[PDB]
Amino acid sequence: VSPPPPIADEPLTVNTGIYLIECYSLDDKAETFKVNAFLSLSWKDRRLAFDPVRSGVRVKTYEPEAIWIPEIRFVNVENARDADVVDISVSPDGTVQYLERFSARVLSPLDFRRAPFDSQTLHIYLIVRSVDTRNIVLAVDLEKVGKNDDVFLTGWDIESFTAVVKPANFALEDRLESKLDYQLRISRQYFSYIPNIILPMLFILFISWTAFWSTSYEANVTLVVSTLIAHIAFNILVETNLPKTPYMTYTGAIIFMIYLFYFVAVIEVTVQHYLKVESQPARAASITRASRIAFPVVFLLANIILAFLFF
Amino acid sequence: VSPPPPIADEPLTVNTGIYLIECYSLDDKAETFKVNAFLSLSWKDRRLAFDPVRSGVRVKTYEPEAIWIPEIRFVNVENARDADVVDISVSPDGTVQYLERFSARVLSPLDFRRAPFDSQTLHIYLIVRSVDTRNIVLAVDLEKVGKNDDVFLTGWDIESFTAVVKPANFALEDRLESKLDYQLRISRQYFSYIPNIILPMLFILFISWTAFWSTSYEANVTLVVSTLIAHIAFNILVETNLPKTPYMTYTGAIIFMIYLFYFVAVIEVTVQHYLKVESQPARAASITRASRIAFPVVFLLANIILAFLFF
Amino acid sequence: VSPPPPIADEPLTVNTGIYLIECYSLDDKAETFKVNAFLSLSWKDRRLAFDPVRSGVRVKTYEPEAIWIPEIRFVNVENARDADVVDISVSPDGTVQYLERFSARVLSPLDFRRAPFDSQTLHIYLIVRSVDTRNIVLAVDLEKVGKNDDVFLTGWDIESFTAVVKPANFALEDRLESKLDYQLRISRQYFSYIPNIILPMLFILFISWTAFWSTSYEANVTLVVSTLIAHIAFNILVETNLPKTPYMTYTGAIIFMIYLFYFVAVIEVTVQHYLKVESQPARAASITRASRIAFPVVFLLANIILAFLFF
Amino acid sequence: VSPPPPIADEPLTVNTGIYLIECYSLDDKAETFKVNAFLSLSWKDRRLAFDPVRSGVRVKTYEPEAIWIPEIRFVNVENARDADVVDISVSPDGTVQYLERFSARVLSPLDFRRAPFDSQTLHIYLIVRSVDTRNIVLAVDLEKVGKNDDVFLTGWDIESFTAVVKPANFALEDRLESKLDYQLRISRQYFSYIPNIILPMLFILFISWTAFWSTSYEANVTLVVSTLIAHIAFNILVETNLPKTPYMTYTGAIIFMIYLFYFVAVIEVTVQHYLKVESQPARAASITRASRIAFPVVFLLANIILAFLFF
Amino acid sequence: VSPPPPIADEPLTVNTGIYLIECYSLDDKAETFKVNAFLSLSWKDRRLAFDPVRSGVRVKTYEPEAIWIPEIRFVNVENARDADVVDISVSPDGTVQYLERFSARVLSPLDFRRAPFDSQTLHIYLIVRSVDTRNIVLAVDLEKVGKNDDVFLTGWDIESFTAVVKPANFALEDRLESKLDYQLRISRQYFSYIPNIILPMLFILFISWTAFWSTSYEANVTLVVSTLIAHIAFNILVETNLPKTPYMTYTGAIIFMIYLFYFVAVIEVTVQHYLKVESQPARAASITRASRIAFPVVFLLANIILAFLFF
Ligand SMILES: CCCCCCCCCCCCO[C@@H]1O[C@H](CO)[C@@H](O[C@H]2O[C@H](CO)[C@@H](O)[C@H](O)[C@H]2O)[C@H](O)[C@H]1O
Ligand SMILES: CCCCCCCCCCCCO[C@@H]1O[C@H](CO)[C@@H](O[C@H]2O[C@H](CO)[C@@H](O)[C@H](O)[C@H]2O)[C@H](O)[C@H]1O
Ligand SMILES: CCCCCCCCCCCCO[C@@H]1O[C@H](CO)[C@@H](O[C@H]2O[C@H](CO)[C@@H](O)[C@H](O)[C@H]2O)[C@H](O)[C@H]1O
Ligand SMILES: CCCCCCCCCCCCO[C@@H]1O[C@H](CO)[C@@H](O[C@H]2O[C@H](CO)[C@@H](O)[C@H](O)[C@H]2O)[C@H](O)[C@H]1O
Ligand SMILES: CCCCCCCCCCCCO[C@@H]1O[C@H](CO)[C@@H](O[C@H]2O[C@H](CO)[C@@H](O)[C@H](O)[C@H]2O)[C@H](O)[C@H]1O
Ligand SMILES: [Cl-]
Ligand SMILES: [Cl-]
Ligand SMILES: [Cl-]
Ligand SMILES: [Cl-]
Ligand SMILES: [Cl-]
Ligand SMILES: [Cl-]
Ligand SMILES: [Cl-]
Ligand code: NA
Ligand code: NA
Ligand code: NA
Ligand code: NA
Ligand code: NA
Ligand code: NA
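Line by line, the protein sequences are chains C, D, E, B and A. In case it helps, PDB author numbering puts the first sequence at residues 5 to 315. In case it helps, PDB author numbering puts the second sequence at residues 5 to 315. In case it helps, PDB author numbering puts the third sequence at residues 5 to 315. In case it helps, PDB author numbering puts the fourth sequence at residues 5 to 315. In case it helps, PDB author numbering puts the fifth sequence at residues 5 to 315.
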């Protein structure tokens, strides 16, 4: 079966729609998500036209094999989608209404700069390659674009699922390709990071600062080095979940900066001891008293500066 | 093959049943479970009717291809179910009895608020899309809904497997859809968490409180910081298994609260030392004596308050 | 093709056999194992009978499609077995001899009570559903039940592979089902746990008891808390491999009990210090001297009691 | 269907092209990458030639089954590629233009010597085995070799995707094989390793060197041993991601060398204490003062030497 | 299609060959490897014979369906191999030459006794079951056994790929089975274990021995216990990669033995302190001086003895 012939030299418009049924497994590190949706397609094939008076029927149902169907593929998929044709309906004028249900592992990158206080635009790109007889162009039927109310992406809030209605038409290997951009706008549920990582991480840092109210070098060394190790554990846990980005992230900046605070606290603890040994405890006392204010103040300003740069 | 024609304008009732054979792999983090069950379907197709006297046979067996079979799908599946037709039987009146055995990875969310002392309702949603000629409606044949006594979900107790008999009929992409809710009510076997996480986690906390019967700052620092680190390890272990929830959980509340106890114990240990150094050990002694009672009392009340709020 | 017709009203006996070729991937946590075996089936179909004198041939080979074959399924499988038909042979009386080679992920639970000194009975349940015309019953042909000498389950010793010859015949959804129990009796190779977990775990415990020959509180705190942390690491390692059981296990009991020994050692260390500070070292000395004997004695008796209760 | 016959004695030239659509999952440890691309093939089959007047069509579309297609395989794949034929077009002279879209897990090794400041050449080898009637030879159609501008390999920069135009023609099992080398030149985005591993790892090392400004053996032992343990954690994290190479890597050399610095710091700390105890603090003081300069200087030179050897 | 008939009562010889293209994913813990190779088969079918003068053709190419092909399976595979037929060629005498390209996950056990200084013999067992009409026997065509020079098993050196030319013929379920043993002899690239595990593990042990040049109990306790914990980390890392063997391994013996050295060092440190407290430092001094020589000497001899027993 060949494609529908043109009345004049007009391209064949394949009207499309994606209706999300299930949306799951957003793997931040892999920059992939899994989708289970309806894909609706509609085009006119005048060869399939019939008089509803003579045929009696208002619609005709065909099996995929029986008629010409455009080869629509997804651009940003890992492997070709698992699809199962739900229905093919032909109206008297030869307007075909195709509907399939698919599942695919979509590969769409994320911007980790503001994580875990980030929003993302996930993309699903539909594409059609033109044939030798006819040039095929994609369209968005907005009435057939949507999502189920139940659609739950774990740890994310779904804001919108819309399509950029004008296709990106371009030549590829001396044939026209018509690409459509479906955008799933989501935003991260940052809540759990506050009691699980952020607050634990701050408590261990504040525990290191108790060394500014201690003259015991042996105890201070323990306080600052032990807490530094706990910070390393959190840094490792975090980087095992976040992918390695060519750009600096907000979480990255904060986690790194905190190392400097541990490093400088070790210097303070060392300086204080050296002076106490050198029989200069008055000077050590001045440095320790300053540190008590300096450390939280510099920490607060540094965070204000970082938050400002990133948001 | 087209759907059965109506005797008036009645919808086609497809009677359904799910009989669980195997029920496994409840992945709390993924909010998925795997099921292996029988799916039974029954509808009347008058075109298949026969006189048992003339045909001799009381029943006729057909191959799926030979007759019209309704396209029943599962809503909340990752990928389309692996199904293998067991039997298709037609009675003289044209009543079809279909039976298949399937396996599917069902995606049903969990409420982690009371974990690990939680119960869940897992769902399996059956659905059928209406055709242009006939509107298809699902029904529950209660005699064909059940589970094997052997059905064992590891780390969970199966309470019930029932169906909400009235289908949810609604329009989707300008066609009627008939949805049925099958509910598997389960409850967590919390036992192992008591000797594995809960009691170990309490023992390390109580070990930190031995610092209230010690004047050795260096030893106290070791006690409180070491145990804090062991608590961090347990917190990490727990959050690697529990998914990140937009809501506060009972396990989350407790784990977080305990950090405050470690933080305040470090403050106490610091204050006690500072005073001992400042040649004020009487005041330090009063604070230490109070802490001995205050810490367990506040811990017990805080837990009473939390348990109350959550249960 | 319909099932073979009965001479009188007798059920159709399908003689079965399973011959293990490969037996691998026993995942204790998942309570699954993978099997690769021969499945042999044999039944009489009088319609296939021939005179070996007239036909010349002593046997006839058929393709699965050519004849009626009973639908045999496995009960406790995750997904339906990957099977590839090896041979179908018909004798002059119409006795069919079917042989296929399959692979399946069998789901059979384990009793972790005595782990790692435990034995298990793995099961493979064969089943057949009766048809409308004839009732099908399973049988065990013992000459066709066995295992390859090479069959190696890693970390386990294969004791036996036998079948419970009497099938479990029962009604399920108003049809007879005939179930056969194939049992693979195995026993754990516990050896490696002795040098890898058991002895390391005891050495760290005995290191904590060296605090009973020390008056240095600071050193004792370090000994007992450090070793407690190493025990937590081993506890975590162990529970990451063992599934969460609703019952107490031998490994669970021991690992838990050891926490009590660490907890009580911390109390001893605390009491000894308090008394030494209170200028009562004679009393502290008596308590420390007792602990030296009490701790190993109570440890040995507690283990004797536990081993007795579990074995 | 047999291969096209030769006019003369010429081999059959199959012109090839690979156009990368998606390029993902570079697993350094596994030395594999996943690709999703177009594979274009073109050859002349004079048997397929036609008159466009008689057939009406100027080009003919065939299903793969309908005609002879060369069996092109990938050499360095794990499993045979998932391919889905996009189009097969025959021109009146019998010139066939085949296009499929595939996904494959390509197995191409990496040189970890300069990691994470390394570049790689990934390979995709196309191959065709000659038949008994005709010898088949591969060619590169450069106009059909390329990549999408969007093609993003996470944590890597794509430099080029080119083909070595001359095939490697050789005998294999008494038949000619024609192999083509497609090369994807990439280079690692090393950035994230600086704040995540490199700088944390240096800070802990520099913290160990604060023991050269301390006379407290107990504190020094803590500083050097604690930081040594944090270095072990980083070493483990790194080797869990990098494969085990038979050659020394730059990351390997650095990580190993740092152990020597920790080992020697422990010796210094031990020597300093021994002398202080032996009532020789003047000698200990000289050794400690030297260490303050020696340790960073030797560290800097050692790194200069290593960087020089590796780059 | 039936098998070739015998001239006289002779078995049918199927000549075989395996030519490795790709050899990857040796999973020591799983005792599996993945292979991608050519499988060549050749037998005489006199029914396929032709006169090359009358037929014109020197060879005939058949589709698998067209002729009788022996059912060859692999014994030690997880699941049946993914195979794709490359060619089937018949010579005038009826000599068939079959060639397919396959991929399979082969399950062949390893002897971990000498790891990581171990060599292995991996096996690929080819098998054929005799049919009722003819008995089938396997043979090795040595000209068709080989490997690509590029064949690279990561972290292993490929020494040889040969076949044991005489098959293992045996009866299985009253039919002859002919088994061929293909052996891939490999040897581990132990290099990386020296800088990654072996040398780090020795450095931490030697750091524990610095306690023999210290009178500070508190510091010694820290040295020996901290390093013991780092040894536990390495032991865990190692056993997460090595499978649990019913026999003692070289790596196992060494790792275990080292615990005894840590245990005894703790005893020495304890004895030294007890004596120092008991105002007997002269005796403690003698014990400490002995330990300085005893510990390395006993370590070196113990290793000599172990290496001797294992190699
Ligand atoms: C500002 C101070 C520092 C703040 C703390 C740092 C938090 C920064 C955000 C880190 C984001 C982590 O991103 C983490 O990625 C992994 C991917 O490997 C996800 O991992 C998993 O997610 C869900 C289960 O929950 C699965 O459906 C998914 O398939 C799986 O990959 C985690 O659910 C996600 O949360
Ligand atoms: C109140 C103080 C704190 C109490 C301690 C905290 C306990 C809270 C409950 C945590 C629930 C953990 O939930 C954990 O999730 C993972 C999913 O990644 C499951 O993981 C696994 O389960 C089984 C094996 O056992 C598999 O069939 C499944 O496929 C797999 O994912 C764990 O079996 C489950 O137990
Ligand atoms: C008495 C004191 C305490 C003694 C120490 C405690 C030991 C108790 C027994 C623990 C049993 C651990 O059980 C562990 O389970 C996991 C499943 O996740 C298995 O894990 C793996 O096994 C093999 C590889 O070896 C694979 O084929 C399998 O697919 C995989 O899951 C481990 O091989 C098994 O050993
Ligand atoms: C000079 C001092 C030391 C410097 C620090 C050391 C860094 C050296 C380079 C280490 C390279 C690590 O290489 C690491 O390999 C694993 C493979 O298991 C990749 O692992 C993963 O990558 C991505 C997700 O992020 C997936 O698409 C991929 O399938 C998966 O395997 C890591 O993304 C990669 O970064
Ligand atoms: C004598 C003192 C002690 C010496 C140190 C101890 C070393 C002893 C040898 C340990 C062998 C470890 O064996 C380890 O097993 C795992 C199996 O999951 C392999 O794991 C992985 O290997 C490669 C990637 O590198 C993959 O293709 C493979 O699929 C994967 O399983 C490791 O590559 C292997 O190295
Ligand atoms: Cl697609
Ligand atoms: Cl479905
Ligand atoms: Cl099955
Ligand atoms: Cl391929
Ligand atoms: Cl096979
Ligand atoms: Cl025999
Ligand atoms: Cl035989
Ligand atoms: Na079509
Ligand atoms: Na300490
Ligand atoms: Na049908
Ligand atoms: Na059949
Ligand atoms: Na073809
Ligand atoms: Na055949």
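Every residue gets a Cβ at the ideal spot worked out from N, C-alpha and C, and that includes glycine.
Exercise. Could you give the distance in angstroms between the alpha-carbon of B:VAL155 and the alpha-carbon of D:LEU203?
Worked result: If I take the Cα positions, the gap works out to 52 Å.
Exercise. Given E:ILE131, which residues of its chain have a CB within under 8 Å of its CB, disregarding the five upstream and five downstream residues?
Worked result: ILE76, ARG77, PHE78, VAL79, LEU142, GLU181, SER182, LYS183, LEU184
Exercise. If contact means a Cβ-Cβ distance below 9 Å, which residues of the region 18 to 39 of chain E contact chain A?
Worked result: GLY21, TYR23, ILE25, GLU26, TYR28, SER29, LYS38
For this session: Compile a chain-ordered list of the residues in the region 114 to 136 of chain D whose CB is closer than 7 Å to at least one CB of chain E.
Result: none
For this session: Go through its chain and collect everything with a Cβ distance to E:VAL273's Cβ below 8 Å, but skip five positions before and after it.
Result: Taken in chain order, the residues that qualify are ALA215, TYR221, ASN224, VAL225, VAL228.
Problem set entry | Nearest-angstrom Cα separation, counted from E:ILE236 out to D:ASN239 | So the alpha carbons of these two residues sit roughly 13 Å apart.
Exercise. Just checking, does the region 43 to 52 of chain B make contact with the region 91 to 104 of chain B on the three C-beta pairs under 8 Å criterion?
Worked result: yes
For this session: Using the Cα positions of D:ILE92 and D:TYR66, report the straight-line distance between them to the nearest angstrom.
Result: Approximately 6 Å, taken between the alpha carbons.
Exercise. Apart from the five residues on each side of it in sequence, which residues of its chain come closer than 8 Å, Cβ to Cβ, to B:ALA175?
Worked result: Excluding sequence neighbours, B:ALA175 sits near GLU181.
Exercise. From D:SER295 to D:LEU209, what does the alpha carbon distance come to, in whole angstroms?
Worked result: Take the alpha-carbon of D:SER295 and the one of D:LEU209: they are about 14 Å apart.
Problem set entry | Residue nearest to E:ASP122 in terms of C-alpha spacing, selected from E:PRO285, E:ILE190, E:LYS170, E:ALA269 | The shortest Cα separation from E:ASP122 among E:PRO285, E:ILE190, E:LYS170, E:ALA269 belongs to E:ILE190.
Exercise. How long is the line joining the alpha carbons of A:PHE314 and A:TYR129, rounded to whole angstroms?
Worked result: 29 Å
Exercise. Any idea if residue 316 of chain C is buried or exposed, counting beta-carbon neighbours within 10 angstroms, 16 or more meaning buried?
Worked result: With chain C running from 5 to 315 in the structure shown, residue 316 of chain C is simply not present.
Exercise. Do you know offhand how far residue 3 of chain E's Cα is from E:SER112's?
Worked result: Here chain E has residues from 5 to 315 only, and residue 3 of chain E is not among them.
Problem set entry | Backbone CA spacing between C:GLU147 and B:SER59 [nearest angstrom] | 41 Å
Exercise. Closer than 8 Å, Cβ to any Cβ of chain D: which residues of the region 55 to 80 of chain C, in chain order?
Worked result: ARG62, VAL63, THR65
Exercise. Residues with a Cβ closer than 6 Å to any heavy atom of ligand 14, in chain order?
Worked result: C:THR226, D:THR226, E:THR226, B:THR226, A:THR226
Exercise. For E:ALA167, does the three-state DSSP call read helix, strand or coil?
Worked result: strand
For this session: Flag this pair as yes or no: are the beta carbons of E:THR17 and A:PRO247 separated by less than 7 Å?
Result: no
For this session: Measure the C-alpha to C-alpha separation of B:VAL110 and B:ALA41 and round it to an integer number of angstroms.
Result: B:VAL110 and B:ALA41: Cα-Cα distance of roughly 12 Å.
For this session: Go ahead and pull the three-state DSSP assignment for C:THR219.
Result: coil
Exercise. Whole-angstrom Cβ separation of C:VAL169 and C:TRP72, contact assumed at under 8 Å?
Worked result: That pair is no contact at about 25 Å.
Problem set entry | Spatial neighbours of A:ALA306 in its chain, beta-carbon cut-off 7 Å, leaving aside the 5 residues before and after | Excluding sequence neighbours, A:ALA306 sits near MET261.
For this session: Answer yes or no: does any C-beta atom of chain A fall closer than 7 Å to that of E:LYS148?
Result: yes
For this session: Have a look at C:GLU82, C:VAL94, C:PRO56 and flag the residue whose alpha-carbon is nearest the alpha-carbon of C:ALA70.
Result: Residue C:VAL94 is the option with its Cα nearest to C:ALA70.
Exercise. If C:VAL149 and C:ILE259 are in contact, beta carbons under 8 Å, what's the gap, nearest whole angstrom?
Worked result: Their Cβ separation, rounded to whole angstroms, is 40 Å, which puts C:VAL149 and C:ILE259 out of contact at 8 Å.
Exercise. Taking a cut of 9 Å between CB atoms, which residues from the region 143 to 171 of chain B lie near chain C?
Worked result: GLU147, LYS148, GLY150, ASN152, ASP154, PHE156, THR158, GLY159, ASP161
For this session: Given a cut-off of 7 Å, decide if D:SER44 and D:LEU103 are closer than it, judged by their beta-carbon atoms.
Result: yes
Exercise. Leaving out the 5 sequence neighbours to the left and right, which residues in its chain are closer than 8 Å to D:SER283 when beta-carbon positions are compared?
Worked result: none
Exercise. Where does B:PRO56 land, buried or exposed, given buried means 16+ other C-beta within 10 angstroms?
Worked result: Counting C-beta atoms within 10 angstroms of its own C-beta, B:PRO56 has fewer than 16 neighbours from the protein chains shown and is therefore classed as exposed.
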